[PDB]
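The chain that follows stands alone, in the form deposited in one PDB entry, written as structure tokens.
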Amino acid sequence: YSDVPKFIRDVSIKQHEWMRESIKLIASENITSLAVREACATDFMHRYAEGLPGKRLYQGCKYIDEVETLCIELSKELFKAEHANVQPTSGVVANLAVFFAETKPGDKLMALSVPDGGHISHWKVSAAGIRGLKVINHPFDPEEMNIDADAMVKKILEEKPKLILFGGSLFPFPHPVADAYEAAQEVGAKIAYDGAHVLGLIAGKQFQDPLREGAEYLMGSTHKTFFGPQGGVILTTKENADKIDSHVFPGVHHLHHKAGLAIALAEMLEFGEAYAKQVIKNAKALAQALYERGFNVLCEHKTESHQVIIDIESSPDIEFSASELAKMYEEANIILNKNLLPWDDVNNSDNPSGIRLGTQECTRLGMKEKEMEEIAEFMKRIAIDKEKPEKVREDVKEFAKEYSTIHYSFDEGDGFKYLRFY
């Protein structure tokens, strides 16, 4: 009882230094700056917003109104939505909320299959599996990795869906939210876009542009590809002002998270274009250099995103499985995932066909083309060649430790720094 909190402290600092020494390439992982990380630990855990500023029923919320209004207006500026609500406590809550507002049973929810680039929300035992029920797979073709809009518009056409979503876990190139609009608007099927995975790239005016391309809704997690802490955010048309704001609370919040959200949101406001551009630029040539070192990286005719896709099974000179690489990588101080590919036979697996990576956190750490071209080395060494994994850890742990800094922010601190409250 007594000594365990300092033991959690132990695995905490161990965590910190591990993350400093290791480089982290993960699709869903982004780093928080010091302003927002400090701000998340403040007393804003104390109170609650209980709905919107000016609508409270609880007292002492006065400052919370200011910060919430500030980030609402900030995102209203950034993503250029005519409405925004920052209340969702996570991305999945944002999903559940925009569903609960924009859908009921009455069938189709159109989204990617899980190995096909889906994420676990829309399908059952999750968001809209809890709400919408009624799910259908998106016409994803594995060769050029993206949705084929023809079959999509067809399914939307004769088979008459009431709602359609875009975005996902596997997201190499912008999904056709533009071409789907005709049939979607025809049947009375709304268009929503989960921005989470790409949420930063769109703020930096790269990749896709959902709202100008006809999307009525855009929502997602602020902790991935965007500098914010853990939580969700919703952005939409201004006729939904009284709708989605109602369907959150009782759809839900965590106020410290919203504050850090605001700070990181302004970091994204000022430094976002440079950041995002640098991110995709940190992606593409990483994929190329990785394709030089003998891997098989998919979309060889292209990625416009921050995430990269590798198929290990078909990749020769390796002849390993995905997790087979993933583990040794994890103890090599280069950490990625275990991820399915649309080619995968069936899904019950500890060992898929390949791996999916991302450049975002390293970019916030400052890494550029040279450094990721040097990431290609550490990556390649274990698969082809296959010299000792833990041997190159003494090399790698002394590599990433050089950048402790948080870039594309207004301050340069130590991102892996641990601060003693006691």
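Residue positions are given as counts along the sequence shown, with the first one as 1. Whichever C-alpha set is largest while still superposing within 1.5 Å between the two forms counts as the rigid core.
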*Count, per the entry, the deposited residues between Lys277 and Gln278 that are not modelled, and return the matching class: none, 1 to 3, 4 to 9, or 10 or more.*
none
*Look at the stretch from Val93 to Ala94 and count the residues of the deposited sequence that the entry does not model, then pick none, 1 to 3, 4 to 9, or 10 or more.*
none
*289-297 versus 79-87 - greater average Cα B-factor per the deposited record*: 289-297
_Comparing 392-400 with 66-74, the one whose average Cα B-factor in the PDB entry is higher_ = 392-400
*asked:* Maximum C-alpha temperature factor per the entry, among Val198, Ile244, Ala322, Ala264, belongs to which one?
replied: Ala322
_Among the choices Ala192, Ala203, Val233, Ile156, identify the one whose CA B-factor in the record is greatest._
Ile156
_Third assignment of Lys160 from its chain's C-alpha B-factors_ = highest
_Which third, lowest, middle or highest, does the C-alpha temperature factor of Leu365 belong to within its own chain?_
middle
*Ranked against its chain, the third holding the CA B-factor of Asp107*: highest
*By its CA B factor, does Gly251 count among the lowest, middle or highest third of the modelled residues in the chain?*
middle
*Ranked C-alpha temperature factor of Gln185 among modelled chain residues, by third*: middle
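The same protein also exists as the form deposited in another entry; that form is not shown, yet it is the one meant from here on.
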*Of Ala149, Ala289, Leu78, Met328, only one moves its C-alpha by 2 angstroms or more between the shown form and the other one once the rigid core is aligned, so tell me which.*
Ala149
*asked:* Core superposed first: is there a CA shift of 2 Å or greater at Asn240 between the shown form and the other one?
replied: yes
_Distance direction in the other entry for the C-alpha atoms of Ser75 and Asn240, relative to the displayed form (3 angstroms or more)_ = farther
*Since the Cα separation of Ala241 and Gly228 moves by 3 Å or more in the other entry, tell me which way: closer or farther than here.*
farther
